[PDB]
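Heads up, the thing below is written out as C-alpha cells.
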Amino acid sequence: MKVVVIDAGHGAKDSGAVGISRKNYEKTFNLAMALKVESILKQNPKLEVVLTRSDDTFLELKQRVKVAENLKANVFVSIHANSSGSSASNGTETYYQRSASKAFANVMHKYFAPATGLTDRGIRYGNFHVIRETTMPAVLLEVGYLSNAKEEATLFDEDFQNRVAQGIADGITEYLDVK
Ligand SMILES: [Zn+2]
Numbered sequence: 001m002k003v004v005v006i007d008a009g010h011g012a013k014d015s016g017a018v019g020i021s022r023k024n025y026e027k028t029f030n031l032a033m034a035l036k037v038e039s040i041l042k043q044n045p046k047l048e049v050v051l052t053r054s055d056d057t058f059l060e061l062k063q064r065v066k067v068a069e070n071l072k073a074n075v076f077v078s079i080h081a082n083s084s085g086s087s088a089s090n091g092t093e094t095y096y097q098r099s100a101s102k103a104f105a106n107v108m109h110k111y112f113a114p115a116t117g118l119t120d121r122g123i124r125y126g127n128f129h130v131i132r133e134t135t136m137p138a139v140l141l142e143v144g145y146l147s148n149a150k151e152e153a154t155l156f157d158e159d160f161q162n163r164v165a166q167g168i169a170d171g172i173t174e175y176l177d178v179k
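The sequence shown begins at 1 in PDB author numbering and counts up one residue at a time.
What follows is the structure in C-alpha cells.
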C-alpha cells in the first residue's frame with residue numbers, strides 16, 4: 001500500500017502558537033486535525049496512514065522526519081496553525097521546500113484551501129526542517145491564524161475541522177490516485 005505520514009506539529013512541552021484568546025494551543029489543533037485526517041484516510045484500504053504523534057507527546061523535528069524516511073512514506077503532511085504579531089493577519093497557506101514536493105503542494109492546496117474557506121494565501125516556499133529533510137513529497141500546512149480572534153475560534157470549531165480534514169484527506173487521496 002501507499003504510506004501516508006501525518007505530522008501534527010509541536011506537542012507536549014512545545015505548545016506551538018498560543019491563540020489570542022490565550023485559551024487554545026496550536027499543538028491541540030494540530031493533533032485534532034491529524035486524528036481526523038487519519039480517521040478519514042483509514043477507510044481507504046489502498047493507504048497505510050501513520051501519524052508521527054497521536055497524543056500530546058514531544059517529538060524533535062529530526063524524529064518526525066526519520067519516521068517518514070524509515071517507513072518510506074509516499075507523502076508527508078505536517079499540520080500547523082499560524083501566528084502573527086498583528087491580530088489582523090489571516091488566511092490559509094501551504095508550504096513546500098523541494099521541487100519534488102511542488103506537484104503535491106499544488107494538488108493538496110486545490111482541495112485543502114477551499115475547505116478552510118479562509119483567505120487563500122496560496123502555496124509558498126518554506127525552509128522548514130520537516131519538509132526539507134524529507135525525501136518524499138512533503139508539505140506543511142498552516143491552516144489559519146490563531147492570532148486572529150475570529151479565525152482562532154473558527155480553527156477550534158468542530159465543523160470547520162471536519163470539513164478541512166476532509167479537504168486535506170482529498171489532497172492526499174487525489175495526489176496518490178487511490179480514489
Ligand atoms: Zn506550528
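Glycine residues also receive a C-beta, built at the ideal position from the N, C-alpha and C atoms.
Report task. May I ask you to check if the CB of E151 is nearer than 7 Å to at least one heavy atom of ligand 1? Result -> Because no heavy atom of ligand 1 lies under 7 Å away, the Cβ of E151 does not count as near it: no.
Report task. Give the straight-line distance between the Cα atoms of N162 and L35, rounded to the nearest whole angstrom. Result -> Distance from the CA of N162 to the CA of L35, rounded to the nearest whole angstrom, comes to 10 Å.
Query - Cβ separation of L118 and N90, assumed to be a contact under 8 Å, to the nearest whole Å - result: Yes, they are in contact, since the Cβ atoms of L118 and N90 sit about 6 Å apart, within 8 Å.
Report task. Quick one: which unbroken alpha helix (DSSP H) runs of 4-plus residues sit fully inside the stretch 114 to 178? Chain order, please. Result -> For the stretch 114 to 178, the continuous alpha helix (DSSP H) assignments of 4+ residues that do not extend past its boundaries occur at 129 to 132, 149 to 155, 158 to 176, in sequence order.
Query raised in the report: So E93 is in the beta strand (DSSP E); what residue range does that whole segment cover?
Result: That run of the beta strand (DSSP E) goes 92 to 96.
Query raised in the report: By Cβ distance below 7 Å, which residues in the same chain neighbour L140 in space, the five residues on each side in sequence not counted?
Result: So the qualifying residues of the chain are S78, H80, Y95, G126, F128, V130, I131.
Query - Burial state of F160 (16 or more Cβ within 10 Å) - result: Around the beta carbon of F160, a 10 Å sphere encloses 16 or more other beta carbons of the protein chains shown; the residue is thus reported as buried.
Requested in this report: Taking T134 as the reference, give the member of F156, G85, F76 with the closest Cα.
Outcome: Measuring from the Cα of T134, the nearest candidate turns out to be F76.
Query raised in the report: Where does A17 sit, in a helix, a strand or coil, going by DSSP?
Result: In the three-state DSSP reduction, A17 falls in the coil class, being neither helix nor strand.
Query raised in the report: In or out: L146 buried (at least 16 other Cβ within 10 Å) or exposed?
Result: Buried.
**Report entry** Cross-strand partners of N82 (DSSP beta bridge)
**Finding:** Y145.
**Report entry** Contact check, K72 vs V3, beta carbons under 8 Å
**Finding:** Closer than 8 Å, so yes.
**Report entry** Length of the line joining the Cα atoms of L51 and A32
**Finding:** Going by the C-alpha atoms only, they are around 12 Å apart.
Query - Closer than 7 Å: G16 CB and nearest ligand 1 heavy atom - result: Yes; taking the cut-off as 7 Å, the Cβ of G16 has a heavy atom of ligand 1 nearer than that.
Report task. Determine the direct distance from the alpha carbon of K102 to that of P137, and round the result to whole angstroms. Result -> The straight-line gap separating the alpha-carbon atoms of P137 and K102 is approximately 8 Å.
Report task. Can you say whether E60 is buried or exposed, counting buried as having 16 or more other CB atoms within 10 angstroms of its CB? Result -> Under this definition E60 is an exposed residue.
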